[PDB]
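Trainee: Please see the structure below; I have some questions.
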Amino acid sequence: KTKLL
Amino acid sequence: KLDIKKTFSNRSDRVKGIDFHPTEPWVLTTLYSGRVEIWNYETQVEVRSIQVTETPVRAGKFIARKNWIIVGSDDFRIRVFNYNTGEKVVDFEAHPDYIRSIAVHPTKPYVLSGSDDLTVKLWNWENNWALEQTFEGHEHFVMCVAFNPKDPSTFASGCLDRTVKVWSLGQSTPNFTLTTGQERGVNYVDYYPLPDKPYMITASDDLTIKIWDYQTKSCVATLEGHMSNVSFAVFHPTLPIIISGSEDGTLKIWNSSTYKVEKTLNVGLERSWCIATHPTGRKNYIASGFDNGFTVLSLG
């Protein structure tokens, strides 16, 4: 999952 | 003119979404922990808070005309709460993946949600929150949705596929697609609210902010200076400035005519994720959410 932050 | 004062800042878990109430001195924050808080920033007392879920809540807005808040989370769900009673009005799975962004139409009973499922969906609260349309065409996560305030029959979606698409309600393909040249994607898109310029603005992980003429599609300006992902960039509704925030921990205020940076603020809450500007410029209030809490500032 990209952009998890 | 610019005389920045801290109205209220408080620490919390990472604030992913933030919004001002238009007539009460309230700010909504939505947190990575699944909690949401409504604060009265003038008295510095909590109005209401809710442990909504255990997953991040990345999106949240007031719907003041209905006395609601609407939130979206990584559990795929949209939830609506009456902020006066705490009643959970509705709770539904909106997408089969994370919800990144929610926008509320200024007069009609419509909400847009943008998702990692590559779509934007339109929900109608006068029709039992029915799914009235799905906008398909993006090829990566839809990070931000925004109505054009001057023509809210249209809206913009910003996407990690490096484009902004502008759509018409009731039509299935974009009116146009902007190729931003922001090759790490678009995290945020916003409209200039006043009638004198047909401008939109985009923020990217590629460290840039770009201004666009939505009639010609031309890039009017590129704003450089942030040192990590730019989470958002917006036009202030009343002052001639642009406000951006970044994982570099700073807010930047830029002159909206020269596009030169006027002020850089490190408010000391680590990464910046989200922004709100008071609908009517009351006390020129803005608010931003960060890794370690939020701040509400009066700009002048």
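A quick note on method: Cβ atoms are made from the backbone with ideal geometry, for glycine too, and the neighbour counts reach across all protein chains shown. None of the figures in this text is laboratory data; all of them are computed from the coordinates on show.
Trainee: Based on the alpha-carbon gyration tensor of region B:179-261 and its eigenvalue square roots a ≥ b ≥ c, which shape applies: rounded if a/c is under 1.5, prolate if not and a/b is larger than b/c, or oblate?
Mentor: Because a/c hits 1.5 or more and a/b fails to exceed b/c, region B:179-261 counts as oblate.
Trainee: Counting only other chains, what is the mean number of Cβ atoms within 10 angstrom of the Cβ of each residue in peptide B:286-298?
Mentor: 0
Trainee: Using a 10 Å cut-off around each Cβ, can you sort B:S246, B:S157 from fewest to most neighbouring Cβ atoms? Intermediate values should be presented prior to the final figure.
Mentor: Details: B:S246 24, B:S157 28.
Going from least to most buried by this count: B:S246, B:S157.
Trainee: When the Karplus curve 6.51 cos²θ - 1.76 cosθ + 1.60 is applied with θ = phi - 60°, which whole-Hz ³J(HN,Hα) does each residue of region B:10-27 get, with x for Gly and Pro?
Mentor: With coefficients 6.51, -1.76 and 1.60, one gets 9, 7, 6, 5, 3, 8, 9, x, 7, 7, 9, 7, x, 10, 9, x, 10, 10 Hz.
Trainee: Sequence-distant or interchain residues sharing an amide H contact under 5 Å with B:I241, placed H: which?
Mentor: Sorted by chain and number, the residues that satisfy this are B:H236, B:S256.
Trainee: Return the sequence-ordered ³J(HN,Hα) values of region B:33-46 in whole Hz as given by the Karplus equation 6.51 cos²θ - 1.76 cosθ + 1.60 applied to θ = phi - 60°, using x for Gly and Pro.
Mentor: Running phi through 6.51 cos²θ - 1.76 cosθ + 1.60 with θ = phi - 60° gives 7, x, 8, 10, 10, 10, 10, 7, 7, 8, 8, 6, 10, 5 Hz.
Trainee: Next question. Going by how many other Cβ atoms sit within 10 Å of their own, how do A:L5, B:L297 line up, fewest first?
Mentor: Details: A:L5 13, B:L297 21.
Ordered by Cβ neighbours within 10 Å, fewest first: A:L5, B:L297.
Trainee: Taking the Cβ of B:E24 as the center, what net charge do the other residues with Cβ under 15 Å away carry, scoring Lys and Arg +1 and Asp and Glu -1?
Mentor: +2
Trainee: Same structure, new question: Taking the Cα centre of chain B as the origin, how large is its charge dipole in debye, to the nearest 20, when only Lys and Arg (+1) and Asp and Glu (-1) carry charge on their Cβ atoms?
Mentor: 860 debye
Trainee: Hey, fewest Cβ within 10 Å first, where do B:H236, B:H138 land in order?
Mentor: B:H236, B:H138
Trainee: Applying the Karplus parametrisation 6.51 cos²θ - 1.76 cosθ + 1.60 with θ = phi - 60° to the phi angles of region B:156-171, what ³J(HN,Hα) value in whole Hz is obtained for each residue in order, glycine and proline being reported as x?
Mentor: Working through the residues one at a time gives 10, 10, x, 9, 5, 7, 6, 10, 10, 10, 10, 10, 10, 4, x, 10 Hz.
Trainee: Hey, can you grab everything whose amide H is under 5 Å from the amide H of B:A221? Only 5+ residues off in sequence or another chain; H modelled, so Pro and N-termini drop out.
Mentor: B:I211
Trainee: Amide H neighbours of B:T250 under 5 Å, counting only residues 5+ apart in sequence or on other chains, H built in-plane at 1.01 Å?
Mentor: B:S272
Trainee: So which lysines pass the test for A:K1, namely a Cα distance under 17 Å, with those fewer than 8 places away in the same chain ruled out?
Mentor: B:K16
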